[PDB]
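What follows is one structure encoded as C-alpha coordinates, with my remarks underneath.
To find a chain, count down the sequence lines: A is the first, B the second, and so on, and within it residues start at 1. Heavy atoms only: backbone and side chains are in, while hydrogens, waters and symmetry mates are out.
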4 protein chains.
Amino acid sequence: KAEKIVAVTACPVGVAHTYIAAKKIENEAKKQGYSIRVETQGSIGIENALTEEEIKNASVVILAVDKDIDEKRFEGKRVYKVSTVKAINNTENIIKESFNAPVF
Amino acid sequence: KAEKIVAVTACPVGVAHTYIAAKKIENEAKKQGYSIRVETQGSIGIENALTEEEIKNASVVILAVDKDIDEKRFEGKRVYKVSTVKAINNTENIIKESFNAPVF
Amino acid sequence: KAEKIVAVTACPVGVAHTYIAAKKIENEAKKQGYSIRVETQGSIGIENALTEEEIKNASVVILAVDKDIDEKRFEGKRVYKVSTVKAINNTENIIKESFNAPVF
Amino acid sequence: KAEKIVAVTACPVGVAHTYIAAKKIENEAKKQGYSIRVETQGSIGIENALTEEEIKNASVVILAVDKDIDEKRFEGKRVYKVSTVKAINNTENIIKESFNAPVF
Ligand SMILES: [Cl-]
(Lines give C-alpha, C1' and ligand atoms only; values in the text may rest on other atoms or scores of the structure.)
Protein backbone atom coordinates (compact mmCIF):
# COMPACT_ATOMS: atom_id res chain seq x y z
CA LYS A 1 0.00 0.00 0.00
CA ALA A 2 1.44 3.35 -1.13
CA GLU A 3 2.02 5.77 1.69
CA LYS A 4 -0.61 8.47 2.18
CA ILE A 5 -0.17 12.25 2.16
CA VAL A 6 -2.83 14.67 3.31
CA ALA A 7 -2.67 18.37 2.55
CA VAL A 8 -4.56 21.61 3.15
CA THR A 9 -4.25 24.49 0.71
CA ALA A 10 -5.60 27.86 1.79
CA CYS A 11 -5.21 31.26 0.13
CA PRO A 12 -7.83 33.92 0.93
CA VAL A 13 -7.53 35.63 -2.47
CA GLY A 14 -10.07 34.24 -4.94
CA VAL A 15 -9.55 30.55 -5.75
CA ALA A 16 -6.46 30.41 -7.98
CA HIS A 17 -3.61 29.85 -5.50
CA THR A 18 -5.75 27.44 -3.45
CA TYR A 19 -6.49 25.28 -6.48
CA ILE A 20 -3.13 25.63 -8.22
CA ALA A 21 -1.32 24.56 -5.04
CA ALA A 22 -3.74 21.66 -4.61
CA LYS A 23 -3.48 20.38 -8.14
CA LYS A 24 0.31 20.70 -8.28
CA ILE A 25 0.62 18.85 -4.95
CA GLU A 26 -1.76 16.12 -6.23
CA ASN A 27 0.17 15.71 -9.51
CA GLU A 28 3.60 15.62 -7.85
CA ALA A 29 2.47 13.25 -5.07
CA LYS A 30 1.15 10.83 -7.67
CA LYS A 31 4.34 11.15 -9.74
CA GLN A 32 6.34 10.17 -6.62
CA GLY A 33 4.00 7.20 -5.95
CA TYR A 34 1.92 8.50 -3.04
CA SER A 35 -1.78 8.54 -2.30
CA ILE A 36 -3.01 12.10 -1.71
CA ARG A 37 -6.10 13.86 -0.27
CA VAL A 38 -6.31 17.68 -0.33
CA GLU A 39 -8.67 19.97 1.58
CA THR A 40 -9.07 23.40 0.03
CA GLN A 41 -9.94 26.76 1.61
CA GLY A 42 -10.58 30.24 0.25
CA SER A 43 -12.26 33.38 1.58
CA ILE A 44 -15.72 31.84 1.15
CA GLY A 45 -15.22 28.45 2.75
CA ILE A 46 -13.76 24.97 2.88
CA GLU A 47 -14.16 22.08 0.42
CA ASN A 48 -13.33 18.37 0.79
CA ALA A 49 -12.23 18.68 4.40
CA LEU A 50 -9.82 16.07 5.71
CA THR A 51 -11.45 13.46 7.88
CA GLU A 52 -10.10 12.28 11.21
CA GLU A 53 -9.40 8.89 9.64
CA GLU A 54 -7.53 10.44 6.70
CA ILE A 55 -5.29 12.38 9.06
CA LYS A 56 -4.77 9.26 11.22
CA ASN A 57 -3.60 7.21 8.22
CA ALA A 58 -1.34 9.85 6.67
CA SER A 59 2.44 9.59 6.71
CA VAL A 60 2.78 13.37 6.45
CA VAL A 61 0.64 16.52 6.49
CA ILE A 62 1.48 19.33 4.02
CA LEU A 63 -0.04 22.74 4.73
CA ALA A 64 0.25 25.20 1.88
CA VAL A 65 -1.42 28.19 3.53
CA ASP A 66 -1.44 31.96 3.45
CA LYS A 67 -3.80 32.28 6.43
CA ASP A 68 -4.08 30.62 9.82
CA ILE A 69 -6.04 27.35 9.79
CA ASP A 70 -6.91 24.92 12.57
CA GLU A 71 -3.81 22.85 13.26
CA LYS A 72 -4.70 21.04 16.54
CA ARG A 73 -6.11 18.20 14.40
CA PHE A 74 -2.56 17.48 13.15
CA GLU A 75 -0.94 16.94 16.57
CA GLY A 76 1.36 13.91 16.53
CA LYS A 77 1.85 14.06 12.73
CA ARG A 78 4.80 15.30 10.76
CA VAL A 79 3.61 18.66 9.42
CA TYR A 80 5.36 20.63 6.67
CA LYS A 81 3.94 24.15 6.49
CA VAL A 82 4.75 26.45 3.54
CA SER A 83 3.17 29.32 1.69
CA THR A 84 1.09 28.71 -1.40
CA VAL A 85 3.81 30.40 -3.51
CA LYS A 86 6.43 27.94 -2.25
CA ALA A 87 4.10 24.95 -2.70
CA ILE A 88 3.38 26.04 -6.27
CA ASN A 89 6.94 26.85 -7.31
CA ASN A 90 8.86 24.20 -5.34
CA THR A 91 6.43 21.29 -5.37
CA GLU A 92 8.84 18.40 -6.04
CA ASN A 93 11.18 19.44 -3.27
CA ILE A 94 8.35 20.17 -0.83
CA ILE A 95 6.85 16.68 -1.26
CA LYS A 96 10.25 15.10 -0.67
CA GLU A 97 11.14 17.35 2.28
CA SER A 98 7.80 16.75 4.01
CA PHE A 99 8.83 13.26 5.11
CA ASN A 100 11.59 14.83 7.24
CA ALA A 101 9.31 17.54 8.65
CA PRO A 102 9.08 17.88 12.45
CA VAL A 103 6.34 16.17 14.40
CA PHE A 104 3.75 18.78 15.37
CA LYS B 1 -6.93 65.70 -24.71
CA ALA B 2 -6.39 61.97 -25.18
CA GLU B 3 -9.45 59.95 -26.03
CA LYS B 4 -11.11 58.01 -23.24
CA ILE B 5 -11.80 54.28 -23.06
CA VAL B 6 -14.09 52.71 -20.49
CA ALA B 7 -14.11 48.97 -19.86
CA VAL B 8 -15.82 46.29 -17.75
CA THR B 9 -14.09 43.03 -16.94
CA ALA B 10 -16.23 40.26 -15.51
CA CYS B 11 -15.37 36.63 -14.86
CA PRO B 12 -17.44 34.58 -12.37
CA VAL B 13 -14.43 32.47 -11.25
CA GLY B 14 -12.55 34.03 -8.33
CA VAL B 15 -10.78 37.29 -9.14
CA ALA B 16 -7.81 36.42 -11.38
CA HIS B 17 -9.24 36.78 -14.91
CA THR B 18 -11.22 39.87 -13.84
CA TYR B 19 -8.11 41.63 -12.55
CA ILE B 20 -5.62 40.30 -15.13
CA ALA B 21 -7.91 41.49 -17.95
CA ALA B 22 -8.35 44.85 -16.21
CA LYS B 23 -4.66 45.45 -15.62
CA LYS B 24 -3.62 44.33 -19.10
CA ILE B 25 -6.26 46.62 -20.66
CA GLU B 26 -5.11 49.53 -18.46
CA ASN B 27 -1.44 49.03 -19.32
CA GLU B 28 -2.07 48.69 -23.06
CA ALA B 29 -4.50 51.64 -23.21
CA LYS B 30 -1.88 53.85 -21.57
CA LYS B 31 0.85 52.55 -23.90
CA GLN B 32 -1.36 53.56 -26.87
CA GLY B 33 -1.96 57.04 -25.36
CA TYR B 34 -5.54 56.61 -24.10
CA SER B 35 -7.15 57.47 -20.78
CA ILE B 36 -8.82 54.40 -19.25
CA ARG B 37 -11.36 53.56 -16.52
CA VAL B 38 -12.13 49.91 -15.74
CA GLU B 39 -15.02 48.45 -13.70
CA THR B 40 -14.28 44.97 -12.36
CA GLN B 41 -16.70 42.17 -11.45
CA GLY B 42 -15.39 39.08 -9.61
CA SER B 43 -16.01 37.01 -6.52
CA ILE B 44 -15.32 39.93 -4.16
CA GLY B 45 -18.06 41.98 -5.87
CA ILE B 46 -18.33 44.81 -8.36
CA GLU B 47 -15.64 47.42 -7.87
CA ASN B 48 -15.07 50.90 -9.32
CA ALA B 49 -18.28 50.89 -11.33
CA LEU B 50 -18.37 53.15 -14.38
CA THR B 51 -20.25 56.36 -13.89
CA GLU B 52 -22.80 57.76 -16.30
CA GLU B 53 -20.43 60.65 -16.96
CA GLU B 54 -17.53 58.29 -17.73
CA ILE B 55 -19.62 56.37 -20.23
CA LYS B 56 -20.89 59.62 -21.78
CA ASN B 57 -17.36 60.89 -22.37
CA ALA B 58 -15.86 57.61 -23.62
CA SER B 59 -14.90 57.08 -27.25
CA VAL B 60 -15.40 53.31 -26.92
CA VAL B 61 -16.57 50.70 -24.41
CA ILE B 62 -14.62 47.43 -24.08
CA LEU B 63 -16.36 44.53 -22.37
CA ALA B 64 -14.11 41.61 -21.44
CA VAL B 65 -16.73 39.35 -19.93
CA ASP B 66 -17.52 35.72 -19.32
CA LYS B 67 -20.97 36.36 -17.76
CA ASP B 68 -23.88 38.74 -18.30
CA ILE B 69 -23.50 42.34 -17.14
CA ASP B 70 -25.70 45.38 -17.37
CA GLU B 71 -25.33 46.71 -20.98
CA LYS B 72 -28.28 49.10 -21.55
CA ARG B 73 -26.04 51.84 -20.11
CA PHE B 74 -23.83 51.53 -23.19
CA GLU B 75 -26.56 52.28 -25.75
CA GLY B 76 -25.29 54.67 -28.40
CA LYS B 77 -21.61 53.84 -27.77
CA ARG B 78 -19.24 51.70 -29.79
CA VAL B 79 -19.02 48.47 -27.75
CA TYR B 80 -16.37 45.80 -28.32
CA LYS B 81 -17.32 42.67 -26.41
CA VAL B 82 -14.82 39.81 -25.99
CA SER B 83 -14.08 37.03 -23.52
CA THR B 84 -11.57 37.55 -20.72
CA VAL B 85 -9.26 35.02 -22.37
CA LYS B 86 -9.21 37.05 -25.61
CA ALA B 87 -8.79 40.34 -23.74
CA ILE B 88 -5.83 38.93 -21.79
CA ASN B 89 -4.07 37.23 -24.73
CA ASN B 90 -4.84 39.74 -27.52
CA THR B 91 -4.83 43.01 -25.58
CA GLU B 92 -3.04 45.20 -28.11
CA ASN B 93 -5.36 44.21 -30.96
CA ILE B 94 -8.52 44.47 -28.87
CA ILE B 95 -7.73 48.10 -27.94
CA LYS B 96 -7.10 48.99 -31.58
CA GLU B 97 -10.11 47.11 -32.92
CA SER B 98 -12.49 48.68 -30.38
CA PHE B 99 -12.47 51.99 -32.25
CA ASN B 100 -14.10 50.24 -35.22
CA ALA B 101 -16.58 48.28 -33.10
CA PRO B 102 -20.29 48.62 -33.89
CA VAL B 103 -22.48 51.15 -32.12
CA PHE B 104 -24.60 49.33 -29.54
CA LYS C 1 -17.93 -1.65 -12.74
CA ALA C 2 -18.25 2.14 -12.58
CA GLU C 3 -18.45 3.88 -15.92
CA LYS C 4 -15.43 5.91 -16.98
CA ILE C 5 -15.32 9.60 -17.89
CA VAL C 6 -12.34 11.24 -19.59
CA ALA C 7 -11.88 14.98 -19.72
CA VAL C 8 -9.53 17.64 -21.04
CA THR C 9 -9.36 21.06 -19.42
CA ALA C 10 -7.66 23.83 -21.41
CA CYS C 11 -7.60 27.54 -20.68
CA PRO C 12 -4.70 29.41 -22.33
CA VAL C 13 -4.35 31.93 -19.49
CA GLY C 14 -1.79 30.65 -16.99
CA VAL C 15 -2.80 27.45 -15.21
CA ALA C 16 -5.59 28.54 -12.85
CA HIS C 17 -8.77 27.84 -14.82
CA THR C 18 -7.19 24.66 -16.24
CA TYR C 19 -6.48 23.33 -12.74
CA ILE C 20 -9.67 24.61 -11.09
CA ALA C 21 -11.80 22.99 -13.81
CA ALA C 22 -9.78 19.77 -13.52
CA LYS C 23 -10.24 19.53 -9.74
CA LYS C 24 -13.94 20.42 -9.93
CA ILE C 25 -14.56 17.77 -12.59
CA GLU C 26 -12.49 15.15 -10.69
CA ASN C 27 -14.30 15.72 -7.41
CA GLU C 28 -17.79 15.84 -8.96
CA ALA C 29 -17.28 12.74 -11.18
CA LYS C 30 -16.17 10.79 -8.12
CA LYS C 31 -19.11 12.09 -6.06
CA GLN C 32 -21.47 10.76 -8.76
CA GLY C 33 -19.75 7.35 -8.69
CA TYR C 34 -17.69 7.59 -11.90
CA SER C 35 -14.06 6.80 -12.59
CA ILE C 36 -12.39 9.94 -14.02
CA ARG C 37 -9.18 10.83 -15.89
CA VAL C 38 -8.42 14.50 -16.64
CA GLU C 39 -5.74 15.79 -19.03
CA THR C 40 -4.79 19.43 -18.39
CA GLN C 41 -3.38 22.04 -20.77
CA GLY C 42 -2.05 25.30 -19.36
CA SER C 43 1.01 27.57 -19.43
CA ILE C 44 3.08 24.87 -17.66
CA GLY C 45 2.28 22.60 -20.61
CA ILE C 46 0.17 19.47 -21.12
CA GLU C 47 -0.04 17.09 -18.16
CA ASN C 48 -1.58 13.66 -17.53
CA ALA C 49 -2.47 13.23 -21.19
CA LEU C 50 -5.26 10.83 -22.04
CA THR C 51 -4.15 7.57 -23.53
CA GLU C 52 -5.75 5.87 -26.49
CA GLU C 53 -6.96 3.08 -24.17
CA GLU C 54 -8.47 5.60 -21.74
CA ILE C 55 -10.43 7.25 -24.54
CA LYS C 56 -11.49 3.86 -25.93
CA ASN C 57 -12.88 2.78 -22.58
CA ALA C 58 -14.65 6.02 -21.70
CA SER C 59 -18.42 6.40 -21.75
CA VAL C 60 -18.15 10.13 -22.42
CA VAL C 61 -15.52 12.81 -23.14
CA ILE C 62 -15.89 16.21 -21.41
CA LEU C 63 -13.92 19.08 -22.98
CA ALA C 64 -13.80 22.09 -20.69
CA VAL C 65 -11.83 24.32 -23.03
CA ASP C 66 -11.46 27.97 -23.94
CA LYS C 67 -9.47 27.25 -27.11
CA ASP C 68 -9.75 24.77 -29.94
CA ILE C 69 -8.11 21.38 -29.46
CA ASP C 70 -7.90 18.71 -32.19
CA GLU C 71 -10.87 16.45 -31.60
CA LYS C 72 -9.85 13.70 -33.98
CA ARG C 73 -8.83 11.42 -31.10
CA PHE C 74 -12.41 11.56 -29.75
CA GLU C 75 -14.15 10.45 -32.96
CA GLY C 76 -16.98 8.01 -32.23
CA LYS C 77 -17.33 9.15 -28.59
CA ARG C 78 -19.97 11.29 -26.99
CA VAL C 79 -18.24 14.63 -26.49
CA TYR C 80 -19.62 17.43 -24.33
CA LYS C 81 -17.75 20.68 -24.92
CA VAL C 82 -18.13 23.55 -22.47
CA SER C 83 -16.11 26.57 -21.35
CA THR C 84 -13.85 26.36 -18.31
CA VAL C 85 -16.09 28.89 -16.55
CA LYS C 86 -19.15 26.67 -17.05
CA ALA C 87 -17.26 23.54 -16.02
CA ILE C 88 -16.12 25.26 -12.79
CA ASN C 89 -19.48 26.76 -11.82
CA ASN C 90 -21.96 24.19 -13.17
CA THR C 91 -19.99 20.97 -12.65
CA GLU C 92 -22.78 18.71 -11.33
CA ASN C 93 -25.07 19.47 -14.27
CA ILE C 94 -22.30 19.25 -16.86
CA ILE C 95 -21.31 15.76 -15.77
CA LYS C 96 -24.97 14.66 -15.86
CA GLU C 97 -25.61 16.28 -19.26
CA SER C 98 -22.47 14.76 -20.82
CA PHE C 99 -24.13 11.34 -21.06
CA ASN C 100 -26.66 12.87 -23.49
CA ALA C 101 -24.04 14.73 -25.52
CA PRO C 102 -23.82 14.10 -29.27
CA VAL C 103 -21.44 11.56 -30.74
CA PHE C 104 -18.50 13.35 -32.34
CA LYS D 1 0.16 68.96 -4.21
CA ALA D 2 -0.93 65.45 -3.25
CA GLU D 3 1.78 63.40 -1.60
CA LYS D 4 3.25 60.61 -3.70
CA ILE D 5 3.38 56.89 -2.98
CA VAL D 6 5.36 54.38 -4.96
CA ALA D 7 4.89 50.66 -4.77
CA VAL D 8 6.24 47.41 -6.18
CA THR D 9 4.11 44.28 -6.36
CA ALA D 10 5.86 40.98 -6.97
CA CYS D 11 4.30 37.56 -6.68
CA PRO D 12 6.25 34.87 -8.64
CA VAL D 13 3.12 32.84 -9.46
CA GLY D 14 1.96 33.98 -12.88
CA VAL D 15 0.67 37.55 -12.94
CA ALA D 16 -2.58 37.38 -10.95
CA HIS D 17 -1.50 38.37 -7.41
CA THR D 18 0.96 40.92 -8.84
CA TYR D 19 -1.83 42.62 -10.82
CA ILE D 20 -4.56 42.26 -8.15
CA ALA D 21 -2.31 43.85 -5.52
CA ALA D 22 -1.27 46.58 -7.97
CA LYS D 23 -4.86 47.51 -8.80
CA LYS D 24 -5.94 47.39 -5.13
CA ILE D 25 -3.07 49.65 -4.08
CA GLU D 26 -3.66 52.04 -7.01
CA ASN D 27 -7.38 52.41 -6.31
CA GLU D 28 -7.01 52.74 -2.53
CA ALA D 29 -4.13 55.24 -2.76
CA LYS D 30 -6.27 57.38 -5.08
CA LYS D 31 -9.26 57.02 -2.76
CA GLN D 32 -7.15 58.41 0.09
CA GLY D 33 -6.02 61.35 -2.09
CA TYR D 34 -2.48 60.23 -2.94
CA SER D 35 -0.62 60.16 -6.22
CA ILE D 36 0.49 56.57 -6.90
CA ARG D 37 2.97 54.74 -9.18
CA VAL D 38 3.09 50.93 -9.11
CA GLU D 39 5.80 48.74 -10.63
CA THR D 40 4.72 45.14 -11.21
CA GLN D 41 6.82 41.95 -11.36
CA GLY D 42 5.28 38.70 -12.60
CA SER D 43 5.81 35.90 -15.07
CA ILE D 44 5.57 38.39 -17.96
CA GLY D 45 8.52 40.31 -16.43
CA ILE D 46 8.75 43.78 -14.91
CA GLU D 47 6.29 46.45 -16.06
CA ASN D 48 6.03 50.17 -15.30
CA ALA D 49 9.31 50.19 -13.40
CA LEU D 50 9.76 52.96 -10.87
CA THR D 51 12.25 55.62 -11.91
CA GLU D 52 14.92 57.10 -9.68
CA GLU D 53 13.00 60.38 -9.71
CA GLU D 54 9.74 58.71 -8.71
CA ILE D 55 11.41 57.02 -5.75
CA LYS D 56 13.14 60.29 -4.81
CA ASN D 57 9.82 62.18 -4.74
CA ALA D 58 7.81 59.55 -2.85
CA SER D 59 6.70 59.96 0.74
CA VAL D 60 6.67 56.19 1.27
CA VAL D 61 7.50 52.97 -0.61
CA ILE D 62 5.10 50.02 -0.31
CA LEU D 63 6.51 46.61 -1.24
CA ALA D 64 3.80 43.99 -1.67
CA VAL D 65 6.03 41.04 -2.44
CA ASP D 66 6.16 37.28 -2.03
CA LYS D 67 9.86 37.03 -2.98
CA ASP D 68 12.96 39.04 -2.15
CA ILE D 69 13.69 42.02 -4.40
CA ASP D 70 16.75 44.23 -4.31
CA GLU D 71 15.99 47.06 -1.92
CA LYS D 72 19.12 49.20 -2.36
CA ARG D 73 17.17 51.65 -4.54
CA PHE D 74 14.83 52.41 -1.59
CA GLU D 75 17.57 53.44 0.89
CA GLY D 76 16.59 56.53 2.89
CA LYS D 77 12.85 56.01 2.26
CA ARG D 78 10.15 54.76 4.56
CA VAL D 79 9.50 51.24 3.24
CA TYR D 80 6.48 49.16 4.24
CA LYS D 81 6.87 45.53 3.18
CA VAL D 82 3.87 43.19 3.20
CA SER D 83 2.75 40.05 1.38
CA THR D 84 0.57 40.31 -1.70
CA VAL D 85 -2.27 38.59 0.20
CA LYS D 86 -2.18 41.26 2.91
CA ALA D 87 -1.91 44.08 0.36
CA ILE D 88 -4.98 42.69 -1.45
CA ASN D 89 -7.13 42.02 1.63
CA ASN D 90 -6.03 44.85 3.97
CA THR D 91 -5.29 47.63 1.47
CA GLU D 92 -6.85 50.55 3.34
CA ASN D 93 -4.92 49.88 6.57
CA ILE D 94 -1.67 49.10 4.76
CA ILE D 95 -1.66 52.42 2.94
CA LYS D 96 -2.33 54.27 6.20
CA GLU D 97 0.29 52.24 8.12
CA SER D 98 2.97 52.83 5.49
CA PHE D 99 3.44 56.42 6.60
CA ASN D 100 4.76 55.19 9.96
CA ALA D 101 6.94 52.46 8.44
CA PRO D 102 10.66 52.39 9.28
CA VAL D 103 13.19 54.20 7.17
CA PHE D 104 15.18 51.62 5.20
CL1 LIG E 1 -8.82 33.72 -8.38
Can you tell me how far apart CD1 (A:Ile62) and CD1 (A:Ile95) are? Round to the nearest 0.5 Å. 3.5 Å

Could you give the distance from CD1 (A:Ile69) to CD1 (A:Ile46), rounded to the nearest 0.5 Å? 8.5 Å

Looking only at heavy atoms, what is the nearest atom pair of C:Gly33 and C:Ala2, with distance? O-CB, 3.3 Å

Geometric donor-acceptor pairs, no angle filter, chain A-chain C, under 3.5 Å:
| residue | atom | partner | partner atom | Å |
| --- | --- | --- | --- | --- |
| A:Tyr19 | OH | C:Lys24 | NZ | 3.1 |
| A:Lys23 | NZ | C:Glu26 | OE1 | 3.3 |
| A:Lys23 | NZ | C:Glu26 | OE2 | 2.7 |
| A:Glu26 | OE2 | C:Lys23 | NZ | 2.7 |
| A:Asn27 | OD1 | C:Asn48 | ND2 | 3.2 |
| A:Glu47 | OE2 | C:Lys24 | NZ | 2.7 |

Among pairs that include at least one residue of residues 53-72 of chain A, which meet ring-ring contact (aromatic ring centres under 6.0 Å, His included), considering only residues two or more places apart or in two chains? none

Looking only at heavy atoms, which two atoms of C:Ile36 and C:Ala29 are closest? And how far apart? CB-CB, 3.6 Å

Does the side chain of A:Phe74 reach to within under 4.5 Å of the side chain of A:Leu50, using non-hydrogen atoms? yes

